[PDB]
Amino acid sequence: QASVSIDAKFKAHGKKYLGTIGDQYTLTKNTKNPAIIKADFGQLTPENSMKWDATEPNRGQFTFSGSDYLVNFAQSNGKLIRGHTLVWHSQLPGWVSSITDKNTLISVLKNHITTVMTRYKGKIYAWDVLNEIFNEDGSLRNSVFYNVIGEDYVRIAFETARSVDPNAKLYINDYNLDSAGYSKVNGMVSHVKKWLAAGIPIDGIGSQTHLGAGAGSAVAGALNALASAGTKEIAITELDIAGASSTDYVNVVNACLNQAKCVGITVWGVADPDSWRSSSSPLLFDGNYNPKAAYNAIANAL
């Protein structure tokens, strides 16, 4: 655990949290990891326990052991939680993707959203209702949901989510929204304006922010551009930067700090060895679960 909590320092600027991710393995693999989470972060996103493949492996049959643990740990330690993720084309059981009937897919889709959201109703700050539904060029991704249900699945998803748990912030998450003018950023903005104008309850836009070294400085403008979509809020949801330089991290932290709609940042992992991009050392803590230079730099910028 670092002595100075960046989550604390960020919140002091009026932000909601600066968090990270977790699940049974990482929260138990050693003493430092959970100690770091408790000491320096204020929000948690289940790394994999809440995805479709892990919550509904077989039609209408749920398995909540893993998610229950993540949620319970967070709730027990005063950490906000971001559910992730309800609708996505990846980490999706074959039984779902094989469905060809629209009404059948809608029934299933709603049942999944409901059963999962209901189980943690009132304990979830924000849900990534939809995840990565855009092609890089701004058009809608042709996932089973899009091919079978069509564009109406967006409305069906958010509206169901909104009714099941009106206390959660409904989000649409996506990566590569890292620079103003990027096709995906424009596609996200234009679609969201359309949807919001149609009455679809979209409370925020989630920007993963999985960056390469040197892409930090361009994040501020992307955030500004996303702000034009018109959602109540926005947030950096799955942050990690190859090289984890202090410059990239401070830039990204400032990108959020100086944008009124950015409620918080969630770093996709605690220490390097546990990173899904470990080979790039893209996290704030190293192999020894010790603060890297970037962590201290972020702290001193706040």
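In case it trips you up, residue 1 is the first one in the sequence shown, and so on.
Of the two segments examined, 152-160 and 115-123, it is 115-123 that shows the higher average Cα temperature factor in the deposited entry. Of the two segments examined, 225-233 and 197-205, it is 225-233 that shows the higher average Cα temperature factor in the deposited entry. The residue among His89, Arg141, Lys79, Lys169 whose C-alpha atom has the highest B-factor in the PDB entry is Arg141. Taking the deposited Cα B-factors for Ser275, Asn258, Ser65, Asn48, the highest one is held by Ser275.
In the deposited entry, the Cα temperature factor of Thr55 places it in the lowest third of its chain's modelled residues.
For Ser281, the recorded CA B-factor ranks within the highest third of the chain. Only modelled residues enter the ranking. In the PDB entry, a CA B factor belonging to the middle third of its chain's modelled residues is recorded for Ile36. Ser246 sits in the highest third of its chain by CA B factor, as recorded in the PDB entry. Annotation for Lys110: CA B-factor lies in the middle third of the chain's modelled residues.
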